[PDB]
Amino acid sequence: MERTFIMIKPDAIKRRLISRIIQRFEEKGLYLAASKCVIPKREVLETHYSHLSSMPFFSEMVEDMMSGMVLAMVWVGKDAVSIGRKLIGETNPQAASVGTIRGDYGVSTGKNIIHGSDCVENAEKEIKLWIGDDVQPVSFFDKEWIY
């Protein structure tokens, strides 16, 4: 099925939001397929956010993502990308709906808790960038109860 790249940002790790974030994805029915703790490298962040290279404060946005360990994941399932974006909420947590990850826990645009892919093309690039080309297939153990 479709897959998406979900990364818990360094400050959300430090706020101990890991279980609360994973609950949203796991209760929605998506399948965890990969997981990795990483201290992000500057070069990898610049590639991840290459579409942002022209924007004001690009350097600061990269620096913020370098301040500590992230939890990088792949979640799989029907409409995974759109589903993840909806669970996460608007870029700016003030605009995100209550009940979303950013709406419930987030305060600023720079520390907005989590990254999720915005489209299938970017998900594939991000997965290969952060995780690798050999993410192994997982069993859709309860597919019949969800679809």
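Note that residue numbering follows the sequence shown and begins at 1.
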Between 114-122 and 79-87, the record assigns the higher mean Cα B factor to 114-122
Between 35-43 and 102-110, which has the larger average Cα B-factor in the PDB entry?
35-43
Largest Cα B-factor, entry values, listed residues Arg24, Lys9, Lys14, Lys128:
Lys128
Name the third of the chain's ranked CA B-factors that contains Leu52, choosing lowest, middle or highest.
highest
Lowest, middle or highest third - CA B-factor, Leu30:
lowest
